[PDB]
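Read the single chain below, which is given as structure tokens and is the form deposited in one PDB entry.
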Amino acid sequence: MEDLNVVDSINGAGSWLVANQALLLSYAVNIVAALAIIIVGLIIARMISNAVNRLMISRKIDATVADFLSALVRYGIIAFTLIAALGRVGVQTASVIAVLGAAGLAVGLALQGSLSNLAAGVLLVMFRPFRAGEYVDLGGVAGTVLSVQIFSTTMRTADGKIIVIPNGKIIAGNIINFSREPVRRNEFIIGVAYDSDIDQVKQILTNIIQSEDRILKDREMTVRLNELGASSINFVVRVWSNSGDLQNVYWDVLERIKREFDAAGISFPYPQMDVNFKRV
């Protein structure tokens, strides 16, 4: 367009930039004021966030949630400072909040799971359905809980494993607790031959469970016929013992059951099979 796209417009057109010097000075002053407002807002936001966190901690509020609200307050104040600065810039204060809301929505979509994990961790720590050192199962993975972080928990399996579970999945599934009740129940299933004397087996098992000191005598001690298996008669034995002695009692009772069953002549049956013959 002849001279419209040349020095008549670029390089300030010689005198066009000079004639607009006052406008440039005003814009520079506005930008400087906006930057100063930004700096002041950041400083006051950090100060007020620290102050409110300290105040909340004093009022018996948990550290994690107090930090969460302190960070939320800090983010709100810095967003307010950005609103004020861009209003001083003159961007209608509406597109500014729209852009900030879009950015916050993107950040929320990014976090979602992490924030849910944080909330679940807060709930876990304040209800404490399980605590450090307590043996519990967490939805298919069982072990001793070491500690509960803000986003995840660390638990040690009996074999020395280290397992980290996000806190969000913890509250969604079941919380299988092994070490809450001081007393728990063992269950033995014993297979005997079909010709074995039921009364003798019951009496022997009753003697075995009677001779154990770690079995709670004041609770139920079930020794009864359970079901007629395909190749073996199955007896069910249920006894109660302290959670600490649960495993040892199981092994001791099983070893004894084996020993007296061998001595008494009661036979543990191999898989029975019945064969009929024809010639061809």
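For every residue, the number given is its place in the sequence shown, counted from 1. Take the two forms, find the largest set of C-alpha atoms that superpose within 1.5 Å, and that set is the rigid core. Residues that one form lacks are left out of the comparison.
What comes next is about the form deposited in another entry, which does not appear here.
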2 Å-or-more CA mover between the shown form and the other one, where superposition uses the core and the choices are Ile190, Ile204, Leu82, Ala120: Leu82
After the core is overlaid between the shown form and the other one, has the C-alpha of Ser232 moved by 2 angstroms or more? no
Core-superposed C-alpha of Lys217 shifting 2 Å or more between the shown form and the other one: no
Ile163 C-alpha relocation of at least 2 Å between the shown form and the other one, rigid core basis: no
Report the shifted segments between the shown form and the other one, defined as three or more consecutive common residues with all CA displacements of at least 2 angstroms relative to the rigid core fit. 14-107
